[PDB]
Amino acid sequence: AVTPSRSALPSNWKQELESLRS
Amino acid sequence: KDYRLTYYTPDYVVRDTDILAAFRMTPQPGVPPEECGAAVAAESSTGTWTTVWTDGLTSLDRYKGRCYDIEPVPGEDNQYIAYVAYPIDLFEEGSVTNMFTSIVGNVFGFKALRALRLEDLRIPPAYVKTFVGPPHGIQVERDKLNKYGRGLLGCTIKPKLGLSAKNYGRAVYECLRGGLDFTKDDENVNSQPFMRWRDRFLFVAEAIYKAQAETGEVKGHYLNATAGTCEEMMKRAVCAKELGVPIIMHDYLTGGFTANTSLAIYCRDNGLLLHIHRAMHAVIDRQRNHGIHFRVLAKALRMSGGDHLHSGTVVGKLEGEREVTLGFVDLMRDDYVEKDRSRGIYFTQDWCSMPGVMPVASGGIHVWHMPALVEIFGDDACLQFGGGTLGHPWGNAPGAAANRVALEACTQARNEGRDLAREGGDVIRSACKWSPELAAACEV
Amino acid sequence: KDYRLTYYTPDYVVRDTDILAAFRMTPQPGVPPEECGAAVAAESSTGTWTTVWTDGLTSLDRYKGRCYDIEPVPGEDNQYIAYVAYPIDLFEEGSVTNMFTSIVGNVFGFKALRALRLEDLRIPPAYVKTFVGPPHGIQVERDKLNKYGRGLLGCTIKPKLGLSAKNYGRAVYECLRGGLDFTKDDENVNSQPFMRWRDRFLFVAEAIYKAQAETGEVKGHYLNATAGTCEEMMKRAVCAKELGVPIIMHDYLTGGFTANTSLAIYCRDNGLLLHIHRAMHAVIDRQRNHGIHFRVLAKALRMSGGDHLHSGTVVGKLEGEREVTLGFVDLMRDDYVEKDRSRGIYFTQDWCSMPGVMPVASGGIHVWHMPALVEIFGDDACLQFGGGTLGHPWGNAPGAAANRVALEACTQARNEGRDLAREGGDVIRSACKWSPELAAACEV
Amino acid sequence: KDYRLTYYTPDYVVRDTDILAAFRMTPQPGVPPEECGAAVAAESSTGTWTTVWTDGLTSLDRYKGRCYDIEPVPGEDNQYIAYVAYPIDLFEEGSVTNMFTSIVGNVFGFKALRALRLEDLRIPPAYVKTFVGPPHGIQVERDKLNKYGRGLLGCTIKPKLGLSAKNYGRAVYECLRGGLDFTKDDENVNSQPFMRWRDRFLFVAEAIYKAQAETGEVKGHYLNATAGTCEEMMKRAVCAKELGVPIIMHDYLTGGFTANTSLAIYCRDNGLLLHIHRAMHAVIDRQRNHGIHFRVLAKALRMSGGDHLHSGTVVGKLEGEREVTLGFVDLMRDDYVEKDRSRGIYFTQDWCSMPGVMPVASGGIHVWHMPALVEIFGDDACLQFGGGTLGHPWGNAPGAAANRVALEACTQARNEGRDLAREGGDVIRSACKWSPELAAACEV
Amino acid sequence: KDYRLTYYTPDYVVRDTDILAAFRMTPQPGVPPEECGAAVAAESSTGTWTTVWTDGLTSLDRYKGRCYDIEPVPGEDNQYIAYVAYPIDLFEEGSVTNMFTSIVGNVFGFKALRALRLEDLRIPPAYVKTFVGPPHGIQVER
Amino acid sequence: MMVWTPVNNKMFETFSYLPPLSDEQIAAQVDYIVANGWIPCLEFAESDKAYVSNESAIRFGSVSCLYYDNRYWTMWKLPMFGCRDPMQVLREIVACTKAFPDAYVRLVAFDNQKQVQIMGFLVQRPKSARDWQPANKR
Amino acid sequence: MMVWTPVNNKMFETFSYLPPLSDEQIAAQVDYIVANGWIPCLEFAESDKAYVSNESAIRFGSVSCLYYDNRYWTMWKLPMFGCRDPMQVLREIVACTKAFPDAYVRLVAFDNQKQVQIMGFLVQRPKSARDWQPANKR
């Protein structure tokens, strides 16, 4: 198993998800 | 018989089909190491004499084990590792019973030795493929149980109210409903006057199906099939089959390899999982100078067949004893294991796609060992809790629920890249904030 | 779990139905003997901790073994004998497997102990009567074999020309024709590429019947039934039955008690005699401070069932090691054995008419040990000759004949009132005058 | 042995009960055709001599095959069709094994021949009625499956993610749910270390029942029963029976006719359908000058018993190779087939109400072959799609749905009187307008 | 399916547990020997096409026979010996039926070949020991 | 990339993956039946009896293999022996659906030569059935 | 001292005893999947198909051992071969729940080295499901 290096999500990821859900 | 020049052949080239053995050897004072290694290779028909008497046999010309290497043990003054090669023609195909008879049957009594311990065996691919092996193995087991990406959780049932079959089943139900994958017959619970086996099986089957209806997850209880006789043992395995329950249990060292292999084949033929308990292993495997190290007995079990194996605890052990435990856990689980002396692995072992066996670890008294267990074993293990679930002040089901929360939060934190060696206490305390069951277990 | 006061109950009155155990116990330094005896009585569900953690069970309330006496071993400084009583309700009726699981299943790993050896067991009449036991026992065996008033004689077959089944049978026939009662499959000869079992059985059956036609005496060969599985094992036992041959063989410690008891019941049901070989016993029984003394394993075998049992040699042993051997020979053979510490007998054993087992002794290289063997064992024993018959210069049949003459002359001299300890050399030399075969064996 | 006047009897009248054979025959240069036809009729007990040696038997007076006609092959210069009649008394009733032993057992090695191919056999009504034959046949199969008026649709499972039993079953579920009638074990998938048979059977049974619950249509998967032994084979057939699943599979040429007939009888007795795979047929049936043409092997299969048979693909074949394929498809399916040389049918075959076998055709890579397949095979066929379903960009279930839409639109268009040879592209494009799955498959 | 670079691996080292096959191979004219050896190694699920179509499987990543050597046949002009290694995991223990199904089940129909003969097989000790074998054999019989 | 839905997406064998056959499409199938000399017949089922089920298998020992309940539907009147004109079948389809508005209706055909059912495809789904999808089944 | 409730308290294997994973918690698990070279895939089921059941066993003989229905769920599109960025999985989670609002959705992962499913944990519970408890399950 390799060490899981983090991936900062895109700045609008919260926003992108909100538009999509609607 | 122990000529030292017939049997100690230090320029022998090891064949691929040979069975290799590494004996930790303690010669009687004044007996040279090459003579002892040769005597162990020879299995002389005189164990009292320690000298050749009747020499020249067709059991001792081409069917002879050869001592091909003797090494000193560092830090010891009278101990050696003797490496013995055995030709594959010596062994009955598919018979663990016969391999132990051939290798350990007589040499441990030889008078030229003061002490003798069998450390490791190299089982060649040509011998490995003669065995049916584990009925399912770790992968198939996870597919059949629908359970991925964490350890499995068990607990032993020790009822507070009686050892009757009905109370036994009530306790099974309470533990399983709370979050445990499995519960466990105690290794001595076979069929007694206080609780006859078929009554136990029926009430446990009601409990398993009740907790399964309630949780919506697959549930099991290791139903002990260990019996006085093969016919009684198969009567119990057949009963489990007919109840449609997932798993049974055998004490392979006290029942025996002949019965264990019969049972493992029944389980392969009828889709039962086989949990293996290792009672009496410490009679054989504990003393450093004499007996048979557990890694050999685990390798034997993997060949004879078992889907889970009791593999000890790592609570209270030093790093060096933990290196050893992880060595045999790799021999249990992996396809290919490389030679690694510091983990006590003396031979490269190629399992040649024989399915691995799930180690079963004793978790400690409490849930704070959960980060260490997840870090050491990884996901392919059952963690057994001996009183985590039941020393819990609110009873079996919240205790089960506290163990499951702690395992899952440690699993989550491990996948998120956190260091469980450092941050595991911080993982548990953070799960205590939203889980009242885990918070009550950590109050203890 | 190891309270010392729940489990160490010196005032306890031992019951008629209790199973008693005597453990030679080596506590870790600083751990008092009463705490260790109690821990062994308890069999705590934590073997790493050595302290009470989860206390209060219905498995620990009425089904608890009790340590009722702890006695120090004279001349030792850190060793004690702990006596543990177990209620008969703990045990599955007729299951040696379960008896071992209950008594030796877990305590040999307990961390408060440095070493632990199980010396003796008192098997109560109420437990003894649940076992089928030996298929025939010595008396039934002598009546069926028509052989009275001397030891039996057997030899292990080690051919000088090949290990093929046909050459194996030639050597059997040759050994049997000269005067031996039995010959012996080697314990590892099960069914190999060089010699498959059913071919071995057929050629041995021709040899047995040839030597029987020739001698006019009943003849046998111990046909090894030890297999990888219970089904294969019973395939072999059935083959022997159908050949109508007298005796088969099992390696009870490597096959297992579950398979051995199944086999012993088959043998009772079909009139086969069952020879028992004790391969791997020295893995368990050799070290004084740890394991399980052979007398316990012999007692287990008598319960599981065997008509003969390999019982060692007394060649090369001191008088004190001989006193031990004669102790377990009495536990094997007799109906009632009294407590006798100097013979290592810790408990009065009442076999309650369970048939005795015939010990099988390794005779030495030569025939000059014959007076000592007859004096020590008496008539109820098989004397096995490992190369008496075959180190003889004229071959197997005169070697057999030399062993039979020496046994019979020593038997005659014993019945006449002669002292075989003193006059045994004079008995052999006097038989050499009229027996050319015995005279040629002596020349060696 | 090859007298030419004994065995070549060109005025013989063919009896109704005779078995007829047509051999395409390539004589060694200088050997006349009448001598070769007679030699094939005779099956001389000397195959290297090529001449009469020991003449006059009761195996060669009334139990002799007679060469009753030799014809030249048009366009060939050294090839002849020899017609051989065999009396029905030569043959074991109901044994395909014995008919091939009698007809093709020896003559293909005869030195007077350079090459020999068995083209066709006339199986008489009197021999046909001795066979159990196919367990159900096409009609019964359609009634049991409730599926009328179109081809059946299959696909072979080649999982993208693993060959484990669980992943195998996931893929089965995804294909079946989308619209396929069947999925297919690969012919080599029997029971391997990566996937043991009983695990495969269980997960496939869950998949079949899941897709059946979802679609409301009867679903199957051809579960490969091919084994090393008849007992292992029947163990698998019994497992399928107990799962209540509809269909199993056998590789009749590599398992053998003896095992295939045993299996076909089990399937008749327990209502299982039997899919037959033809692995190794090209070892025997491919070369034009030597071997046994597939139509003979198909006729053998219909007698031995199978409900479906792999019958090739007609993709990539010329009109003349398509004439041949349709010939043996008629021998597989129909009750009465007339002599038709241009379709390679050399004999009028009366199946005498023996049930027909469903041919299984490889459909191509894509769904545009659907009009040709429906036109050539008609409705009584399974069309297998090897990557139509799985080369589809949206995955297994829309790929299955795209194949089912295309089959059903081609079926609809055929019933409406449209010419699928001309208008099949127009049928598919018109179904693409309302089916997004078919439109995405045609984008490829 | 017959990529020639996936399946023809001329630097593969033969394992001891592999089953080896030697195919005498007659390619269709214009089809190079390395493409034919690879096709026999691959047992492509298209036998009419003789070209890759659906590529990427877990039956074709670790359970693949590899053509590790192609040699010319002396005196012949269009015949080659192709050597194929098969991993022992492909085979059902003790089942001759299944070994022929795995090795000769499909490739003799492949259109890229004009003719194909299976000359020899190397049966490894690890596979040999899974078989019961002859009931007695020559010695026991005598 | 769309997902074939597992919810309420029941199929009824031949032609159920096509749009529901119009009256002209049914008439053209009946022409195929008549030209072949086949005998049309109508069958119907309420929704709970429309698709395959296993409930009778509770009574069985180990013989469920290829047994399923609800393969048989209920016959509407009689097989239309001597049917030559397709307008009789279309009239009978209307009459069955009028008598049984909550019923699936299937058109079957029998071939008296081969003495076997030879067609079966659905001609009517009930509006009140939620079990099936209106060809926006994705 | 509280009582673990037996009513409407269904679990869905790994991580179901934790609070529902937020989008950041799902993204961090997807990072674990990607770093290991594993292949994420989504699966979904309606509430009546979501948890283990025994109904197919009516057809069986004595072979129900470790058989259970509803272990298989329905795949959403395809395994995301070559997935490197976690925002694709998060987008696909939203798309599946939008198409199937009454469905449980689970995220699985496959390890092509060991050729086996290696993860599976739930990412979405349907609001309309009464089968499960909102972490006030006591």
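What counts and what doesn't
- Residues numbered from 1 in each chain as written, not as in the entry; some residues may be left out.
- Chains lettered and ligands numbered in written order.
- Part of a larger assembly, values for the part shown.
- Heavy atoms only, no water.
- Residues with missing side-chain atoms left out of burial classes, pairs and counts.
- Helix = DSSP H or I, 4+ residues; strand = E, 2+ residues; numbered from the N terminus.
- Rg over C-alpha atoms; globule rule 2.2 N^0.38 Å.
- Contact = heavy atoms within 4.5 Å.
- Pairing = 2+ DSSP bridges.
- Axes fitted to C-alpha atoms, helices over the stretch in contact; angles between N-to-C directions.
- Disulfide = S-S within 2.5 Å.
- Buried < 20%, exposed > 50% of the residue type's maximum accessible area, 1.4 Å probe, protein only.
- Least-squares fit on C-alpha atoms.
- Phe/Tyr/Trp six-rings, centres within 6.5 Å; stacked < 30°, edge-to-face > 60°.
- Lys NZ or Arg CZ within 6 Å of the ring centre and 35° of its normal.
- Polar contact = N/O pair within 3.5 Å; in protein donor to acceptor, adjacent residues only side chain to side chain.
- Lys, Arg positive; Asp, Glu negative; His and termini not counted.
- Salt bridge = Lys/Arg side-chain N within 4 Å of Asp/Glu carboxyl O.
- Right-handed = clockwise from strand over helix to strand, strands pointing away.
- Parallel < 35°, antiparallel > 145°, perpendicular 65-115°, else oblique.
- Nonpolar A, V, L, I, M, F, W, Y, C, P; charged D, E, K, R; others polar.

Going by the header, the method for this PDB entry is cryo-EM, and the resolution given is 2.06 Å.

Check the secondary structure of chain E and you find four helices and four strands. Along its sequence from the N terminus, chain E presents helices and strands in the succession β-α-β-β-α-β-α-α. In terms of overall dimensions, chain E is globule-like: its C-alpha atoms have a radius of gyration of 16 Å, near the 14 Å expected for 142 residues. For the C-alpha atoms alone, the extent of chain E along its principal axes is close to 55 × 40 × 30 Å. Pairs at least 24 residues apart make up 74% of the contacts formed inside chain E by residues separated by at least 6 positions.

All names here are of chain D. Reading across from one edge, β5-β15-β14-β11-β9-β8-β7-β6 is the order of the eight strands in this open sheet, with parallel pairing throughout. One side of each edge strand has no neighbouring strand; the edge strands of this open sheet are β5 (152-155) and β6 (182-184). On average, each strand axis in the sheet is inclined to that of its neighbour by 30 degrees, with strand direction left out of account.

A separate point is the state of the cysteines. Scanning the model with the defined rule gives one disulfide over all chains in all. Linked covalently through their sulfurs, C230 of chain B and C230 of chain C form a disulfide whose S-S length is 2.2 Å. Taken as a pair, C230 of chain B in helix α7 (residues 230-243) and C230 of chain C in helix α7 (residues 230-243) lie in two separate chains rather than in one. An identical accessibility class is assigned to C230 of chain B and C230 of chain C; each is buried. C155 of chain B forms no disulfide, and the closest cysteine sulfur to it belongs to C175 of chain B, at a distance of 3.5 Å. No disulfide involves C382 of chain B; its sulfur sits 9.7 Å from that of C155 of chain B, the nearest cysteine. Given a relative accessible area of 0%, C382 of chain B falls into the buried group.

With that out of the way, let us pick up the relation of the copies chain C and chain B. When chain C is brought onto chain B, the operation consists of a screw motion whose angular component is 180 degrees and whose axial shift is 0.0 Å, with 0.1 Å RMSD remaining. Both copies of the chain, as the preceding transformation shows, are related through a two-fold rotation axis. Closest approach to the rotation axis within chain C is made by the C-alpha atom of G256 of chain C, at a distance of 1.8 Å. Both copies present the same face, since 99% of the interface residues in chain C are matched by interface residues at the equivalent positions in chain B.

Let us look at the packing of aromatic side chains. A full pass over the atoms with the stated rule returns 65 aromatic pairs over all chains. With a centroid separation of 4.3 Å and an interplanar angle of 40 degrees, the aromatic rings of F194 of chain B and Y63 of chain C are classed as tilted. In this pair, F194 of chain B is assigned in the loop between β6 (182-184) and α6 (197-215) and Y63 of chain C in the loop between α1 (33-42) and β2 (66-72), connecting two distinct chains. The pair formed by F194 of chain B and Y63 of chain C is uniform in burial state, with each residue classed as buried. Ring centres of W73 of chain G and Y104 of chain G lie 6.5 Å apart, and the angle between their planes is 50 degrees; this geometry places the pair in the tilted category. Separated by 31 residues along the polypeptide, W73 of chain G in the loop between α2 (47-50) and β2 (74-76) and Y104 of chain G in strand β3 (residues 103-111) bring together distant segments of the chain. Owing to a relative accessible area of 3%, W73 of chain G belongs among the buried residues under this scheme. Relative accessible area serves as the criterion here: at 0%, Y104 of chain G is assigned to the buried category. Each member of the aromatic cluster is reached from another via a ring pair, and the members are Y12, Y68, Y83 and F347 of chain B. Over the aromatic face of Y7 of chain B sits the side chain of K64 of chain B, whose NZ or CZ is 5.2 Å from the ring centroid.

Among all positions in helix α16 (residues 420-432) of chain D, only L420, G424, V427, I428, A431 and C432 of chain D are buried. N-cap assignment for α16 of chain D: the residue whose side-chain oxygen lies 3.2 Å from the backbone N of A421 of chain D is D419 of chain D.

Our next topic: the side chain of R333 of chain D. Residue and element names in this part refer to chain D. Looking at the secondary structure, you find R333 in helix α12 (residues 319-333). Of the side chains with opposite charge, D330 lies nearest to the buried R333, which makes no salt bridge, at 4.3 Å. Polar side-chain contacts of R333 include one of 2.9 Å to the backbone oxygen of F377. Excluding its chain neighbours within four sequence positions, the residues that come into contact with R333 are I138, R302, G356, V357, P359, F377 and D380.

Residues and elements named next belong to chain D. Of the two faces of strand β15 (residues 382-385), both are covered, the one formed by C382 and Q384 as well as the one formed by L383 and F385. In this structure, strand β14 (residues 358-363) lies alongside β15, joined through four bridges in parallel fashion. Directly across from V360, in β15, lies its bridge partner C382. Between β14 and its parallel partner β15, the chain crosses via helix α13 (residues 370-377), and the hand of that crossover is right-handed.

Residues and elements named next belong to chain C. A barrel is described by the order of its strands in space; here eight strands give the closed sequence β5-β6-β7-β8-β9-β11-β14-β15, paired in parallel fashion. Put simply, the sheet's adjacent strands are angled 30 degrees from each other on average, direction ignored. Both strand β8 (residues 247-251) and strand β9 (residues 273-277) contribute to a ladder of five bridges, which runs parallel. Across the sheet, residue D251 finds its bridge partner in β9, namely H277.

A few words now on the environment of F12 of chain F. Tracing the backbone shows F12 of chain F in the segment before α1 (23-35). Setting aside its immediate chain neighbours within four residues, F12 of chain F contacts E217 of chain D together with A50, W73, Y104, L122, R125 and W132 of chain F.

Next up on the list: the packing of helix α15 (residues 396-415) of chain D against helix α17 (residues 436-443) of chain D. Residues and elements named next belong to chain D. Packing of α15 against α17 leaves a shortest axis separation of 8 Å and a crossing angle of 95 degrees. Relative to α17, the element α15 lies roughly perpendicular. Contacts between α15 and α17 involve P398, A401, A402, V405 and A406 from the former and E437, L438 and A441 from the latter. Residue classes in the contact of α15 with α17 are distributed as seven nonpolar, no polar and one charged.

With twelve pairs of chains in contact overall, the contact-richest pair is chains B and C. Taking C-alpha atoms as the reference, chain B and chain F come no closer than 14 Å and do not contact one another.

Attention now goes to the interface of chain C and chain B. Taken together, the contacts link 76 residues of chain C with 76 residues of chain B. For the side of chain C that touches chain B, the secondary-structure elements that each account for two or more residues are α2 (96-104), β4 (113-122), α7, α8 (252-255), α9 (257-270), α10 (281-285) and β10 (291-292) of chain C. Counted by class, the side of chain C that touches chain B contains 30 nonpolar, 33 polar and 13 charged residues.

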